[PDB]
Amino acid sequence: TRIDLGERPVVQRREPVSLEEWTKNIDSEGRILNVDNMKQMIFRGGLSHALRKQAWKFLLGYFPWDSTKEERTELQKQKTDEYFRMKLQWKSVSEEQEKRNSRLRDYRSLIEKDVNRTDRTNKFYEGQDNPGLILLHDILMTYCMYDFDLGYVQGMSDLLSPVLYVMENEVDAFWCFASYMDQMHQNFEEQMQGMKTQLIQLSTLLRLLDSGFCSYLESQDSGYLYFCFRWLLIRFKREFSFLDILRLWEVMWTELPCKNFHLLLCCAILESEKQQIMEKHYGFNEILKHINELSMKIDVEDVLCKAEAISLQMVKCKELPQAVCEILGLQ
């Protein structure tokens, strides 16, 4: 016996924010007028392709919302200088230095490995002669100079590639990736807490939604949800088309409707596959295969709707447990 969530609302989404709608909210000083409203619009509709390059800078934290234009143009000047200063640090490393730096050449081999593996049918990264791959490589090496303790960990190029695609500039892509890595950091740490914390948080959400399904997974030894690992590490990057991911991440970065919205996206997908898994009586292996084969077969708009529908239903609940309250950011 547990919580009655009540009925699930139906969610309606809106058209993406146009370049024109954006420019209207900018004053003469280049400040943004209604932030909360713009965030609501970006969450509700996403961003038009033309608006994507400027607005992501604000979404990712590269440009502060309260900034003016002169503060931004001043910021880019410092960030350009700060970037190439760090790029020079690894680029001036000699063969002799590499022999004696084990951590550095380890990072480099991991980078070269993932880069060749990243988005190779995309126009930006296609072909072995593509400048885009060099940019991927360079930005990732420079991030090793920026954060040497973390360096490069597998899956970080999957996070960078859409950011590099949108920004197209080496300096801009780095600092956007840099702020993106700040929130994504504990995913790639040595003993990784925050992958474990997210899996714990995720199961907590599911036990509230359908506890029968959770009891099922425990019987199938799927109780710790390792099949959700790929989802959480790279934020669904492998489950969606490149264009779909752009829209998916735009919406997430608004930080609306609640905290850890990406966990509810997991719930959204998981409730759609809930019946097939239980009927066909899938075990841990069949579940992992079923979810991996679910790639590219998921509609973004449908999932964003269900995920928000769920959050609305949880926040409204007076009997909602405190553990979930913390996860959704109500505390």
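From 1 onward, residues are counted along the sequence shown.
The mean C-alpha temperature factor is higher for 220-228 when 220-228 and 143-151 are set side by side. Once the C-alpha B-factors are averaged per stretch, 22-30 and 59-67 rank with 22-30 first.
In the PDB entry, residue 300 places in the highest third of its chain by CA B-factor. When the CA B factors of the chain's modelled residues are split into thirds, the value for residue 53 lands in the middle one.
Among the modelled residues of the chain, residue 209 sits in the highest third by CA temperature factor in this PDB entry. Sorting the modelled residues of the chain by their CA temperature factor places residue 39 in the lowest third. When all modelled residues of the chain are sorted by CA temperature factor, residue 123 is found within the highest third.
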